[PDB]
Amino acid sequence: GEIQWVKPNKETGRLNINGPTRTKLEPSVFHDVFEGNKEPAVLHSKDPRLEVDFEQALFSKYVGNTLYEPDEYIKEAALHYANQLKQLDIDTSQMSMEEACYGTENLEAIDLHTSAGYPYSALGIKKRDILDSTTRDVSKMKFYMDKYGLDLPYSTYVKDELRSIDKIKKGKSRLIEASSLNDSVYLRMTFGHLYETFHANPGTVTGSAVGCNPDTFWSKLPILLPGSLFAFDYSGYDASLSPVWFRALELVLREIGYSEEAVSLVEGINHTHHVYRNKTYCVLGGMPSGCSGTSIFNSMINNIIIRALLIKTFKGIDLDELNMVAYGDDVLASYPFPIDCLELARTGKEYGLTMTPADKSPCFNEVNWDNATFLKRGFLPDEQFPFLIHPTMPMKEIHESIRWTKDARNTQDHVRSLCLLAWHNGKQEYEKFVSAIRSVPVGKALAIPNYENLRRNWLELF
RNA sequence: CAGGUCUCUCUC
RNA sequence: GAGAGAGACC
Ligand SMILES: [Zn+2]
């Protein structure tokens, strides 16, 4: 992805868009009970903690574009995936606006505590002023659909979150590109059924993990991905996507029966306009971080990518022997013979993709179930029932989260969440965590899940 | 101060 | 089943 141009808002007649500049995050009552290296991300250009120009680092992610049109490997890759999707019988028909706004069994309603985006978030209009969960009123939506229309600018803010320190000195905070409610609604109308199917079907048919439940999904992965594992990390996946991958996506959506009107919407996320503060810019390539279908579209593109890489990198690759699961840029995959990702990464490079060894390994080693991660969690066979697989969030990550809070009113829920994550690491580790929590006054005030009960509840999920 | 998923907590 | 919160992940 590449920034094409940057004009003042005056020249473009776009409204200014300013986000918060002070972090909501404060050290929690556990900040000095647990070790951690992470601090709230740099939000503002005159942060004492900085060591580079802020805005420079912000948009460094857009590393450029290599390919703009699918070659033969990508075309063949697109087709193999779309064929695999055909057995899902995705409803290519347009979802109703009442449904697209207020949700279904398999697609959550549009979030209403959240910004309506351009231009409403500059005209003091909330989504609570356009939508009513209780009415399912869609009439006022229709109206604004027509006033402001489609293909509105995204609204660029900086993400409020913990970051490792190098990323704080080096200023590489992340960006939130807020879609307009208009585009969200229309995108949900166009692909809502696709969202539904994907959510209802995490696994190796969609090749997506969106909608999985890691407590239970983790036991199926060694069966869904038989054979030899491979894995790797991207840098700036979303931003690094060149327009070819959206061309590629278009092929898949077409092959599974989408009308050319529908397919025509992909160009609208490949080529986007963004307002950040007092300026307007253009991005060609790159997945807009906050458009409808980000996770699903990134997951599909990843499925196109992994196939293209294999058959352009190796001889006699049988794509049918490929199993993979993706959640955005995160991938786990298997093949009947080992795959050397050093070679995939070299091919990746030609495609504008920067692929590094899995989990910040210095070099591409072998990936096995004993060191694989997916969604940050490991794989750990239960000691009693070796076929039940524990997802293992690393305690290190769990301690990074507990040392901060955005509202200490909600400490209870926060610590309870972390325990649901921590117990999988085993009894010993968990009781170490709990008693560290208890080691502090409000820690003795919290209701903490019993390890035995967590386990018992887990076993009963099966 | 985006898009989502999952899980939990609270209430009718 | 519906409203209200939170947390993690992508
Ligand atoms: Zn443009």
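Residues numbered from 1 in each chain as written, not as in the entry; some residues may be left out. Chains lettered and ligands numbered in written order. Heavy atoms only, no water. Residues with missing side-chain atoms left out of burial classes, pairs and counts.

### Considering the domain arrangement of chain A
Our working definition: What counts as a domain boundary in this text is fixed by an automatic or database domain assignment. Contact definition: two residues touch when any of their heavy atoms are within 4.5 Å. Accessible surface is computed with a 1.4 Å probe, and the buried area is the amount of it that two parts give up when combined, taken over both parts together. Criterion for a salt bridge: a side-chain nitrogen of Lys or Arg within 4 Å of a carboxyl oxygen of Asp or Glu. Polar contact is defined as a pair of N or O atoms within 3.5 Å, subject to the rule that within protein one atom must be able to donate a hydrogen and the other to accept it, and that residues adjacent in sequence are counted only when both atoms are side-chain atoms. Strands here mean DSSP runs of E at least two residues long; helices mean DSSP runs of H or I at least four residues long; both are numbered from the N terminus. Classes in brief: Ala, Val, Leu, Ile, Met, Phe, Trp, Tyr, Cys and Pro nonpolar; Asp, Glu, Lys and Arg charged; the others, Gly included, polar.
Along its sequence, chain A is carved into domain 1 (1-13 + 70-202 + 243-285), domain 2 (213-242 + 293-368) and domain 3 (376-462). Once you take the C-alpha centre of each, domain 1 and domain 2 turn out to be 24 Å apart. Facing 27 residues of domain 1, the contacting portion of domain 2 comprises 21 residues. Between domain 1 and domain 2, the buried area comes to about 2,300 Å², and carbon and sulfur atoms account for 76% of it. Across the contact surface, domain 1 and domain 2 share 0 salt bridges. Run the count over domain 1 and domain 2 and you get 9 residue pairs in polar contact. For the side of domain 1 that touches domain 2, the elements supplying multiple residues, two or more each, are helix 3 (72-86), helix 7 (181-200) and helix 10 (244-255). Here the residues of the side of domain 1 that touches domain 2 are counted per class, giving 20 nonpolar, 5 polar and 2 charged.

### Thoughts on helix 18 (residues 451-459)
Rule in force here: Under the scheme applied here, a residue whose accessible area is under 20% of the maximum for its type counts as buried, over 50% as exposed, and between as partly exposed, the area being computed with a 1.4 Å probe on protein chains only. The directions from the helix axis to the C-beta atoms are what the arc is built from.
Where helix 18 is concerned, the buried positions are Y451, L454, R455 and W458. Taken end-on, helix 18 shows its buried residues confined to a sector of 95 degrees, consistent with a single buried face. On its buried side, helix 18 packs onto helix 8 (214-224), strand 15 (389-392), helix 16 (411-422) and helix 17 (427-438).

### Focus: the sheet that holds strand 11 (residues 323-327)
We apply this condition: A pair of strands is labelled paired if DSSP reports no fewer than 2 bridges between them. Between the N-to-C directions of two axes lies an angle of 0 to 180 degrees, each axis being a line fitted to C-alpha atoms and, for a helix, fitted only over the stretch in contact.
Taking strand neighbours across the sheet as the criterion, the 3 strands line up as 7-12-11 in an open arrangement whose pairing is antiparallel. Since the sheet does not close on itself, it has two edges, and those belong to strand 7 (228-230) and strand 11, each with one partner. Within the sheet, the average angular offset between the axes of one strand and its neighbour, ignoring direction, is 15 degrees. Direction of pairing for strand 7 relative to strand 12 (residues 330-335): antiparallel, over a ladder of 3 bridges. Directly across from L229, in strand 12, lies its bridge partner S334. Along the sheet, helix 13 (residues 294-313) contacts strand 7, strand 11 and strand 12; its crossing angle with strand 11, the most-contacted strand, is approximately 145 degrees.

### Looking at the coordination of the zinc ion
Let me state the cut-off plainly: Sites may look incomplete, because water is not among the atoms used; the donor set itself consists of N, O and S atoms within 2.8 Å of the metal (3.2 Å for Na, K and Ca).
Only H271 (NE2), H273 (NE2) and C282 (SG) from the protein coordinate the zinc ion, and they sit 1.9 to 2.1 Å from it. The sequence pattern formed by the donor residues of the zinc ion is H-x1-H-x8-C.

### Here we look at the UniProt feature "binding site: Mg(2+) 2" (unreviewed entry) in chain A
Note the threshold: UniProt positions are given in the numbering used here, feature names are shortened, and annotations may be inferred rather than shown by experiment.
UniProt annotation of "binding site: Mg(2+) 2" (unreviewed entry) refers to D233, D329 and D330 when read in the numbering used here. These annotated residues cover 98 residues of sequence, and their C-alpha atoms lie no more than 7.9 Å from one another, placing them together at a single site. For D233, the location among the structural elements is in strand 8 (residues 233-234). With respect to the helices and strands, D330 occurs in strand 12. The partly exposed category is assigned to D330, whose relative accessible area is 21%. Ignoring anything within four residues of it in the chain, the contact list for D330 reads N302, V325, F374, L375 and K376.

### Structural notes on the packing of aromatic side chains
Our working definition: Aromatic contacts are taken between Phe, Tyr and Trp rings whose centres are within 6.5 Å, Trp giving its six-membered ring; a plane angle under 30 degrees counts as stacked, one over 60 as edge-to-face, and the others as tilted. Placement of a charge over a ring requires the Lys NZ or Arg CZ to be within 6 Å of the ring centre, with the centre-to-atom vector within 35 degrees of the ring normal.
Applying the stated criterion across every chain, the model contains 24 aromatic pairs. Between the aromatic rings of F143 and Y144, the centroid separation amounts to 4.8 Å while the plane-to-plane angle is 50 degrees, which identifies the pairing as tilted. A ring pair is formed by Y234 and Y237, whose centres lie 4.6 Å apart and whose planes are at 65 degrees; its orientation type is edge-to-face. Like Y237, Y234 is buried. Taking NZ or CZ as reference, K7 lies 4.3 Å from the ring centre of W5, over its face. In this structure, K312 packs its charged tip against the face of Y351, placed 5.7 Å from the ring centre.

### Section: the UniProt feature "binding site: Mg(2+) 1" (unreviewed entry) in chain A
Sites flagged by UniProt as "binding site: Mg(2+) 1" (unreviewed entry) map to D233, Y234 and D329. Taken together, the annotated residues stretch across 97 residues yet fold into one region, lying no more than 7.9 Å apart by C-alpha. The partly exposed category is assigned to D233, whose relative accessible area is 26%. In this structure, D233 is in contact with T354, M355, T356, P357, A358, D359 and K360, ignoring residues within four places of it in sequence. By secondary structure assignment, the location of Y234 is in strand 8. Among residues more than four places away in sequence, those in contact with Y234 are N302, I305, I306, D329, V331, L353, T354 and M355. Here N302 takes part through its side chain, which lies 3.0 Å from a polar atom of the side chain of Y234.

### Comments concerning the protein's contact with RNA strand B
The cut-off we apply is this: Only a single heavy atom is needed: when it lies within 4 Å of a molecule or strand, its residue is near that molecule or strand.
Near RNA strand B, the surroundings consist of 28 residues, among which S121, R188, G211, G290 and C291 are the closest. Sugar plus phosphate, as a fraction of atoms of RNA strand B within 4 Å of the protein: 77%. Residue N213 places a side-chain N or O atom 3.2 Å away from a sugar or linking oxygen belonging to RNA strand B. Secondary-structure elements contributing two or more residues to the surface near RNA strand B are strand 6 (175-178), helix 7, helix 13 and helix 16.

### Considerations on the protein's contact with RNA strand C
By nearness alone, 18 residues border RNA strand C, and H113, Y327, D329, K376 and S401 come closest of all. Close to the protein, within 4 Å, the atoms of RNA strand C belong to sugar or phosphate groups at a rate of 94%. In this structure, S295 approaches RNA strand C through a side-chain N or O atom, which is 3.2 Å from a base oxygen. A distance of 3.4 Å separates a sugar or linking oxygen of RNA strand C from a polar side-chain atom of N410. By residue number, the principal contributor to the surface near RNA strand C is helix 16, which donates 4 residues. Within the surface near RNA strand C, the residues separate by chemical class into 4 nonpolar, 8 polar and 6 charged.

### Observations regarding the packing of helix 13 against helix 14 (residues 341-350)
Filter applied, for reference: Comment on the angle field: the value is read as roughly parallel under 35 degrees, roughly antiparallel over 145, roughly perpendicular from 65 to 115, and oblique elsewhere.
For the pair helix 13 and helix 14, interaxial distance at closest approach is 9 Å and the crossing angle is 110 degrees. Taken together, helix 13 and helix 14 sit at an angle that is classed as roughly perpendicular. Contacts between helix 13 and helix 14 pair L309, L310, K312 and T313 from the former with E343, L344, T347, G348 and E350 from the latter. Split by residue class, the contact of helix 13 with helix 14 holds 3 nonpolar, 3 polar and 3 charged.

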